[PDB]
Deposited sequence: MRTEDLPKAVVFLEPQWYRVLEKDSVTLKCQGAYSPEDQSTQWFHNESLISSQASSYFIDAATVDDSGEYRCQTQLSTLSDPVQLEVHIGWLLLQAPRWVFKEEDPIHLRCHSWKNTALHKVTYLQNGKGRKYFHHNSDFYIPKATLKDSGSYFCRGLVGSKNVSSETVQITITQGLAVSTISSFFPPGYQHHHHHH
């Protein structure tokens, strides 16, 4: 009868750093709608279609659900607010063979980061002078494993937590 509402993230990253901005949008019916937001399964007084987080704190973590008047309650969406200098972000972490793998090494407060290295299982894969996205056009099974990025913020040597990338056949 009624469409199942869907929570989208803008930007798409479900893992963020403190102080980043996250906009949560609610897709109920396609025609632009009384919107209702949930965080940690309790209502937020925000009735707008978008729920804007200006600067993320650790409390912004948890499940998120939305419901418009012309839609059914949405599936939950997790949000992880991390504390640190660097976070390795990706659209997804599960890749089919020959799919593109596109990663970014995001810095806290968008601090200029230079001499960036992306590492797989302890070995470096790619080095840039300035911060740049890591990109593999065609995924193989050898591209599977544990990934983290590092670099210099000014003179300080900083690194992100490792994330696991798997390649399915």
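The chain's deposited sequence has unresolved stretches at 1-4, 37-38, 176-197, with no C-alpha coordinates there.
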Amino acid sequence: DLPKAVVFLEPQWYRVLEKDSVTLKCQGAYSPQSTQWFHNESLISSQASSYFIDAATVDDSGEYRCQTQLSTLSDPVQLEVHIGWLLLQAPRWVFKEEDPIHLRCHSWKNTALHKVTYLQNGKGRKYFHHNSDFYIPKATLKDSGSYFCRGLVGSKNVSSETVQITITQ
From here on, numbers count along this sequence of modelled residues.
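So that the term is clear: the rigid core is the largest set of C-alpha atoms that superpose within 1.5 Å between two forms.
In 4 other deposited structures of this protein, superposed on the rigid core, the segment with the larger root-mean-square CA displacement between 107-115 and 37-45 is 37-45. In summary, of the stretches 132-140 and 116-124, 132-140 shows the greater Cα distance from the shown form in 4 other deposited structures of this protein, with structures fitted on the rigid core. Figure legend: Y30 is marked as unmodelled in at least a third of the other comparable entries of the protein. The stretch with the higher mean CA B factor, choosing between 61-69 and 127-135, is 61-69. In this entry, the higher average B-factor at the C-alpha atoms falls on 92-100, of the pair 79-87 and 92-100. As recorded in the PDB entry, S49 shows the highest C-alpha B-factor of the residues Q120, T117, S107, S49.
Ranked by C-alpha B-factor against the other modelled residues of its chain, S144 falls in the middle third. In the PDB entry, a CA B factor belonging to the lowest third of its chain's modelled residues is recorded for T111.
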